[PDB]
Amino acid sequence: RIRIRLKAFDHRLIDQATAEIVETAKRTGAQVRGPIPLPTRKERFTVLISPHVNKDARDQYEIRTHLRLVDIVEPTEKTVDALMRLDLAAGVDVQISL
Amino acid sequence: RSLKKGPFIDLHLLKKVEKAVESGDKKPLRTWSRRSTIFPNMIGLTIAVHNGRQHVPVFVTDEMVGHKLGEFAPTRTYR
Amino acid sequence: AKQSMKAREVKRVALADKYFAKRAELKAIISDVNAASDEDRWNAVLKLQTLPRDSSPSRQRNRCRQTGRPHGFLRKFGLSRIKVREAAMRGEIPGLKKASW
Amino acid sequence: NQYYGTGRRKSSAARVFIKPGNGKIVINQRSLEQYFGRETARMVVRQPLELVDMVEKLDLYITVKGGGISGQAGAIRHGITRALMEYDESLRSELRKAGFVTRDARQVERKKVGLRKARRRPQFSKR
Amino acid sequence: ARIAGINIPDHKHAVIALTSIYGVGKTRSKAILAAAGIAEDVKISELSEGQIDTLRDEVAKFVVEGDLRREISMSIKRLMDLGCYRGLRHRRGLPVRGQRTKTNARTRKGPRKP
Amino acid sequence: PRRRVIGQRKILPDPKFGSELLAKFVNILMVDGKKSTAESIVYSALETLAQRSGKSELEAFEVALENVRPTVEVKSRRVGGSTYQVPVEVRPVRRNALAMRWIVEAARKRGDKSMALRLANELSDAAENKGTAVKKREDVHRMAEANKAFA
RNA sequence: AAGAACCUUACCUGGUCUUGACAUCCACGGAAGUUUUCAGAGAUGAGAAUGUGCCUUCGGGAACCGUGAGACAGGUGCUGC
RNA sequence: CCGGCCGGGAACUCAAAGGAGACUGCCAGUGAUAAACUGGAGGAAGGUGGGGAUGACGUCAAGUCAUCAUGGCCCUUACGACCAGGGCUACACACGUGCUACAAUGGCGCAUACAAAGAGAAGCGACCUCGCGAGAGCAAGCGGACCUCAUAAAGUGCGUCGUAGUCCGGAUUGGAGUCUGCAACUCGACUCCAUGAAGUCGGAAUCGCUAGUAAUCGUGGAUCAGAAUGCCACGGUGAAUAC
């Protein structure tokens, strides 16, 4: 029922964010589905490292956006509000849909 | 080739053209709008189109209708 | 970097968002294939010169926000390539590290 | 009953279920002769099936996605060789002395910056 | 096989033959044959004269060698008479559609003799 | 190279009856990397030559090749001064490959109708030793046998 | 230069502006803002209707706009020796 | 209504994490019983497995004070500032980098099958109607493993073309039309109607590549209102030679 989709940049932060947001909702709101992988979006960019000639020299950067679905099944009272006003462990865009 | 709906003209150009037409023959009208087309009602005017540094007067003709004014203002002088 | 050009560009942005995006119906709705095929659309295109040569979105060059550079611009970060590299290597842009694959 | 091999070769990915019965090959709701059996490399899947015959032992329900004709066919070959596990190394010792077990990744190299197709420099000239 | 002016074609299909006429190419030839009821696989060696007559009375609807040539000449002459940018380029022997005259534009300019 | 003493690669056997030499022949027929079409042309010419001469696909090729198989080639090996040619025996792995290369080069020209017909006619001609690949072999043997003084 | 129709533009012709288009100080007068007409290539000049709060030291304030001088601003002007 | 469409599962593909493994690990020979080389067994992978980022003290008194900061020289009623038009696209010529080809392992018409990686909200834009067409009108889904971009092409079969400057080639040209934009003459792209050129494999000279690399075929993205044969990236077929 409750579609929780969370995306961030650093995996070794988003993973534990998901762990805490899942155990703070399964210890009292159990029957959850867990951290679905939701493959990463890789936004790449290729710029020139020089302000002038020597175009052949370029730098290649990228930003990874890791996504995860929790997918809670039942809209429980131990869940609906226990999801709210608990927005710590920042750096992660979380979206809850009914 | 473009602008399927209606020719294009400037407000100043159209107003001055209608004024001079309802007035009669007048001195060459200094224009700067080469982007504008040519109406059938402007035949006879000696308007002077800007070429970049001067104004070349052109005598509007019945054939010089579908084209624009810039088609008759050679800008780049070669030799 | 030609503060004159930068002030010119911010003036363009202000005047454009002020006039267009609010009165665009004069060229988007009236110039339609409908009963407006008569002098209505002619007067519509006539008044389309009411607004100055500016005010259009195509005259927006989208220069950089730190320097004001016209070339090498990225719509994602709003900066030129030089400054985006500098900031990425200093650690200002999140998630943006050197790509290798 | 039914054994499984995965298989993958050059951006391909297969799923080869192997069952004792007829000698037919049903691949993606299409038979082997009409899938790629009309083009060249017609027996790149039947190559590892003469050292151990297939005509009247077992059939294969095959799926494959990604890559091209030869890529998917090599993926099918590797999936068959990996699914031949109910007939384990007792036969792989012979299957391997002719190939058919080397993954052979050799993926396409990434295009390099400044180059054209990862090896072709942009036509150097002195003056 | 004495259709419009030329069109003398031997051992060529109907459309590949009609492409010999200055004024009808491929799509126009296929349209001619579709309006005449002729197939695009038969040759002039097999097509009967009762159908050469249909070819005649059909291709006459479109502009032909002489009419097309004189129309083109009159358009070019009208441009050179108005003296627009296009007429100036026509008289100077240079491309009209804004092609590159610095390095390219050798066909309309002439062979690279000098 | 200079340090790498690596050897040759192990090509894939032929999808028809098992054979490596005609597989290498097919590999040297291919332009733009189109191998299916090259195999089709090779099979067409092989069938056209087998049906015309009476022999089969694998035996027919062998007779033709040996007629264009060179003996010695000349190559420049200057030794402190003059730059002269040195006729020498070529390895067999290069000899057969060069024979097939000359075959395909002669077939590239002499356009009869199609590539398969070209190559079948060239193979038939090398069978009786009156084609163009055999003419190239004889040109090489004439370059040799004349400058044999350098050894 | 990861992209010249205008724009971008740093060049030329032509018309203009000048402590100035962009930034800070003083004093004076006006809420800001909004609609609209005339002449013009437009920049611009001349206008016509509207609108008057956020707190009262309440000789007005916190913004915005019109002008005068001086400190200044501006320069893709030169010097990568 | 055989569309995984629906129940049903976490076996399988894919998917984002944490680990294992590949590290000269063992054996035979050679080598000064050392380092190391060769060969072999297991193993997907043998010896830095494949690829990338990572660029040593310094040289060229190299390029950029036009991306940006700054010493000093100068204008500072101007070399500063605003605007209409033009140019940066000009052409007797020379050069560099690529595309298109020069054709029959191929051009054309038809029926068919197999990808990866990515973009998307004052944008991508299903479906339906109109035109040969570029596109237009109504208008769902999507800030996204669902919606769109988006039909992958070479390839396979059929019929034609008989080696001709030819149906290869598409340059240039006149009218008309579609799309972005206030406006497409100078100076955009696109489809159709007519035209069809030079070009039949290229002199001296010269460049790239030793593997999935070359060669060849197609797809996406940044720039962008629109505007690439360029740049970056992805994927299909896939060689020869290294004495």
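Neighbour counts run over all protein chains shown; Cβ positions are idealised from the backbone, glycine included. Every number in this text was worked out from the coordinates using simple rules, so none of it is lab data.
Pairs meeting the criteria (first residue in the stretch B:2-26 and without any contact (Cβ under 8 Å) to a residue 12 or more places away in the chain and at the interface with chain C (Cβ under 10 Å from one of its Cβ atoms), second residue of a type outside the set (V, I, T) and within 9 Å of RNA strand H (Cβ to nearest atom), beta carbons under 6 Å, at least 6 apart or on different chains) are B:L11/C:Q49. Checked against the criterion of being among the hydroxyl-bearing types (S, T, Y) and in a loop (DSSP other than H, G, I, E, B), the stretch D:79-90 has at least one qualifying residue. Could you look through the stretch E:78-108, keep only residues that are within 6 Å of RNA strand H (Cβ to nearest atom) and among the basic types (K, R), and pick out the one that is nearest to B:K68 (Cα to Cα)? The extreme case among them is E:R86. With respect to A:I4, determine if the residue is touching a strand residue (DSSP E or B) at 6+ places or on another chain (Cβ under 6 Å) and within 14 Å of chain C (Cβ to nearest Cβ). So A:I4 fails the test.
C:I82 satisfies every condition listed in (1) surrounded by 14 or more Cβ atoms within 10 Å (Cβ to Cβ); (2) part of a loop (DSSP other than H, G, I, E, B); (3) near RNA strand H (Cβ under 9 Å from one of its atoms); (4) β-branched (V, I, T) except (2). A count restricted to the stretch D:27-60 and to residues that are in contact with a helix residue (DSSP H, G or I) (Cβ under 8 Å, 6 or more places away or on another chain) and either surrounded by fewer than 19 Cβ atoms within 10 Å (Cβ to Cβ) or not aromatic (F, W, Y) (or both) stands at 13.
Criterion applied to A:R12, A:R3 was being without any contact (Cβ under 8 Å) to a residue 12 or more places away in the chain and within 16 Å of the chain's Cα centre (by Cα), and the one residue passing it is A:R12.
Does B:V56 fit the bill of being outside any loop (DSSP other than H, G, I, E, B) and within 9 Å of RNA strand H (Cβ to nearest atom)? No: the conditions fail for B:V56.
Close contacts from the stretch A:52-72, counting a first residue that is facing chain C (nearest Cβ under 7 Å) and a second that is among the aromatic types (F, W, Y) and assigned to a strand (DSSP E or B), with Cβ to Cβ under 7 Å and a gap of 6+ residues or different chains, come to A:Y61/A:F45; A:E62/A:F45. Counting only strands (runs of 3 or more DSSP E) that sit wholly inside the stretch A:12-98, those with at least 2 residues that are basic (K, R) and out of contact with any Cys (no Cβ under 8 Å at 6 or more places or on another chain) are A:41-48, A:58-69.
Evaluate the following for C:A44: is it of a type outside the set (S, T, N, Q), assigned to a helix (DSSP H, G or I), in contact (Cβ under 8 Å) with a residue 12 or more places away in the chain and more than 10 Å from RNA strand H (Cβ to nearest atom)? The answer is yes for C:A44.
For C:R41, the conditions (1) more than 9 Å from RNA strand G (Cβ to nearest atom); (2) exposed (fewer than 15 other Cβ atoms within 10 Å of the Cβ); (3) among the charged types (D, E, K, R) are fulfilled apart from (2). Within the stretch C:1-29, the set of residues being of a type in the set (V, I, T) and either in contact with a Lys or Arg (Cβ under 6 Å, 6 or more places away or on another chain) or within 13 Å of RNA strand G (Cβ to nearest atom) (or both) comprises C:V10, C:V13. Entry remark, the stretch D:19-75: residues being in a loop (DSSP other than H, G, I, E, B), more than 14 Å from chain F (Cβ to nearest Cβ) and touching a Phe, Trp or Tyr at 6+ places or on another chain (Cβ under 9 Å) number 2 in total.
Being out of contact with any strand residue (DSSP E or B) (no Cβ under 6 Å at 6 or more places or on another chain) and in a helix (DSSP H, G or I) is the requirement here; does B:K27 meet it? For B:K27, the condition - out of contact with any strand residue (DSSP E or B) (no Cβ under 6 Å at 6 or more places or on another chain) and in a helix (DSSP H, G or I) - is not met. Would a scan of the stretch C:50-65 turn up a residue that is touching a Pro at 6+ places or on another chain (Cβ under 7 Å), more than 7 Å from RNA strand G (Cβ to nearest atom) and over 27 Å from B:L14 (Cα atoms)? Yes, that holds for at least one residue. Restricting B:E22, B:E71 to those that are away from RNA strand G (no atom under 13 Å from the Cβ) and outside any loop (DSSP other than H, G, I, E, B) reduces the list to B:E71. I'd like to know if the stretch F:28-42 contains one or more residues that are hydroxyl-bearing (S, T, Y) and assigned to a loop (DSSP other than H, G, I, E, B). Scanning the stretch F:28-42 turns up no residue that is hydroxyl-bearing (S, T, Y) and assigned to a loop (DSSP other than H, G, I, E, B). When restricted to residues that are surrounded by 10 or more Cβ atoms within 10 Å (Cβ to Cβ), closer than 24 Å to F:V68 by Cβ and in contact (Cβ under 8 Å) with a residue 12 or more places away in the chain, the stretch F:1-33 contains 14.
For D:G99, the test of being touching a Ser or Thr at 6+ places or on another chain (Cβ under 6 Å) and surrounded by 12 or more Cβ atoms within 10 Å (Cβ to Cβ) is failed. Would it be correct to say that B:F59 is of a type in the set (F, W, Y), touching a helix residue (DSSP H, G or I) at 6+ places or on another chain (Cβ under 9 Å) and more than 10 Å from RNA strand G (Cβ to nearest atom)? When the stated conditions are applied, B:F59 does not pass them.
I'd like the full set of residues that are hydrophobic (A, V, I, L, M, F, W, C) and within 14 Å of RNA strand G (Cβ to nearest atom), limited to the stretch B:30-44. Within the stretch B:30-44, just B:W32 meets the criteria. Identify, please: which residue in the stretch B:38-53 is touching a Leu at 6+ places or on another chain (Cβ under 8 Å) and outside any loop (DSSP other than H, G, I, E, B) and is, among those, farthest from RNA strand H (Cβ to nearest atom)? Restricting to residues being touching a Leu at 6+ places or on another chain (Cβ under 8 Å) and outside any loop (DSSP other than H, G, I, E, B), the top hit is B:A48.
Residues that are at negative phi and touching a residue at least 60 places away in the same chain (Cβ under 8 Å) number at least 2 in the following helices (runs of 4 or more DSSP H) confined to the stretch E:1-92: E:65-82.
Look through the stretch C:47-79, keep the residues that are surrounded by 15 or more Cβ atoms within 10 Å (Cβ to Cβ) and within 30 Å of A:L67 (Cβ to Cβ), and return whichever of them is nearest to the other protein chains (Cβ to nearest Cβ). By that ranking, first place goes to C:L74.
Rundown of residues vs (1) touching a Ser or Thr at 6+ places or on another chain (Cβ under 8 Å); (2) away from chain B (no Cβ under 14 Å); (3) acidic (D, E), yes/no style:
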site: E:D57; (1), (2), (3): no, yes, yes
site: E:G93; (1), (2), (3): no, no, no
site: E:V96; (1), (2), (3): no, no, no
site: E:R106; (1), (2), (3): no, yes, no
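Please find, within the stretch F:48-100, the residue that is farthest from F:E128 (Cα to Cα) out of those that are surrounded by 11 or more Cβ atoms within 10 Å (Cβ to Cβ) and among the polar types (S, T, N, Q). The qualifying residue farthest from F:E128 (Cα to Cα) is F:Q85.
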